[PDB]
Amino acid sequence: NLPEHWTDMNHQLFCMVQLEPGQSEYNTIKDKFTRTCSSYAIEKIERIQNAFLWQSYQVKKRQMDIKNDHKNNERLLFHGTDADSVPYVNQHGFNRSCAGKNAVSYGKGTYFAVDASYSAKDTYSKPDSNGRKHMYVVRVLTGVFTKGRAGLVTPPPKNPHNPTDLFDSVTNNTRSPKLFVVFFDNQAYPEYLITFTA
């Protein structure tokens, strides 16, 4: 069940693994980040190994891959948060019940950015007492999506005469998506934590 690239946790359920600059795994994340935030500098990048979050996520992915039958359900997105949130996200993932109101709300859920530049804003990745900012890189089950609306507590139906058959997520703009909102637990796996500074 657990990915073969992960470090041996030997009977442990959770581990943060520090990556090494020069490895393809560190460099692909650093490049995805610097593509839009070349003003900030990366302190470190940690791989999140959370067995339970991974299992529940992989079950949801397989279900959405079966339901949508077209396999393009997963995007790699960013999520800036405050230091006080990091230990909870590392252990328990993204909880919509803890989510702030977004300055442009497309629903009451957890928000993920396409561009690191938006997650790098102090309003999301709030600098801690030492000036460290925190951003997750996140596997998100975006699935089939539509433009959201501020009132949503779940994704809207695809068809108003079948109210229980839902979009998987919502976005700000279906043509040029810049954010995604997810409304269910285990729809997002926090894969890497980037610690960065001015």
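Here, rigid core means the biggest group of C-alpha atoms that superpose within 1.5 Å across both forms. In this text, residue numbers run from 1 along the sequence as written.
A fit on the rigid core, followed by a root mean square over CA positions in 8 other deposited structures of this protein, ranks 114-122 against 70-78 and picks 70-78 as the more shifted one. Each structure in 8 other deposited structures of this protein is fitted to the shown form on the rigid core, and of 9-17 and 178-186 the C-alphas lie farther away on average for 9-17.
Modelling of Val89 is complete across the other compared entries in which both of its neighbours are modelled; not even a third of them leave it out. Of the other compared PDB entries of this protein that include residues on both sides, all give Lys108 atoms, none of them, and so not a third, leaving it without. Set 39-47 against 132-140 and average the Cα temperature factors; 39-47 ends up higher. As the entry records it, the average C-alpha temperature factor is higher for 2-10, out of 188-196 and 2-10. Per the PDB entry, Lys126 shows the highest C-alpha temperature factor of the residues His79, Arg75, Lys126, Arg96. Ranked by Cα temperature factor within the chain, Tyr118 sits in the highest third according to the deposited record. When the modelled residues of the chain are ordered by C-alpha B-factor, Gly100 sits in the highest third. The deposited CA B-factor of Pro163 belongs to the highest third of values across its chain. When all modelled residues of the chain are sorted by CA temperature factor, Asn27 is found within the middle third.
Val181: CA B factor in the lowest third of modelled residues in this chain (values from the PDB entry).
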